[PDB]
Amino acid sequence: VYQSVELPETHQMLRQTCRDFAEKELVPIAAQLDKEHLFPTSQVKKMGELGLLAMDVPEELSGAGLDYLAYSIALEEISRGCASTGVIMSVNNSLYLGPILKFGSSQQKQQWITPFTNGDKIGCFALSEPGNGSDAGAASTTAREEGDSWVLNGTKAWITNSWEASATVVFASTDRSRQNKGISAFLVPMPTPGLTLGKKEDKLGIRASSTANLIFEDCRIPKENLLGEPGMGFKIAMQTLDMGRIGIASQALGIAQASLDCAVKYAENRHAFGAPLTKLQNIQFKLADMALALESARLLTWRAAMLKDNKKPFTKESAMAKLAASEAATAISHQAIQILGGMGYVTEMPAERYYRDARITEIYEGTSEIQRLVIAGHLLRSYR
């Protein structure tokens, strides 16, 4: 329901295919997945076969050989069907495969990427800890080197996919005297001796995805599991987040789109005072504001995705898309419930689920406050 300039036929086809999939495989089960906190095993597998779980990964590594513009469009359509399935997909793409593909060695790419491109295995990203999330550099989890292996100790918090993943990219302190400059990234298989999973979190939204802590107690891994060079941890997490934030913005657009779709359809069929709700000036103004917010957020998101594809700096653009999209999702999903009235408050309709799923997009992968700090830093830098 939005018009774009001249999108490549490859991307237009991709959009149609994902919309059909979401409409056929996700829409009818989204409610039950949310209610039962059930991981969409079968759906994720089918997605992998379509190559949706490794969109940016080249053909050589068994990837889809597409780009981030394609990734954003596909993620929106999927998230429109089920926000949980959308993040599960975003995590494997941007957060797991993303950093390995960019910083890993030929060998690491072959053993940690290839096995996670078809849906049989998915990864996760472990940066946050109980004592710190926004304050990323304050990593307390440590990694000691013991000759031909590293020994990890500490607790990681809020790990998405933790209960279904077969590997994780964890960030630990290897040199405390350098603080945020003494952090390193490590590839850890799951399960593995010394690694324990915390209890699943009971959350407001995206309840189909798992969220738990990762407890490391003298967990040993080979020395070669180090990703990049020692002390490169913070930079890797940051550049990885620049990519991931484009993914979360895309998930947000999908939730917002589903909300607008539901609101419009309901308003045209629901009568009040002898006519459809769409005859009320107020309802029109709302739908106008909702559409504007969404289409603006999509353009920002697409700009960021394209800058990444063209190999241009995109940290600020990524933060702007994530911020605008997430805030638009909550506002738009909020108005959808409003337009539905009483029907918007009950589980019979999906409006309340959209409201609950949207709320997380304003928090993870960097809260809105942090995105604003990031934007100001780059904005001022361009003025200096």
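Residues carry their position along the shown sequence, with the first being 1.
- Note on 141-149 vs 89-97: mean CA B-factor is higher in 141-149.
- In this entry, 175-183 shows the higher mean Cα temperature factor of the pair 69-77 and 175-183.
- Each of 306, 232, 277, 165 has a CA temperature factor in the record; the biggest one is found at 232.
- Among 357, 317, 327, 348, the highest C-alpha B-factor recorded in the PDB entry belongs to 348.
- In the PDB entry, a CA B factor belonging to the lowest third of its chain's modelled residues is recorded for residue 379.
- In the deposited entry, the Cα temperature factor of residue 189 places it in the middle third of its chain's modelled residues.
- Ranked against the other modelled residues of its chain, the C-alpha B-factor of residue 272 as given in the entry falls in the highest third.
- In this PDB entry, residue 131 carries a Cα temperature factor that places it within the highest third of its chain's modelled residues.
- In the PDB entry, residue 206 places in the middle third of its chain by CA B-factor.
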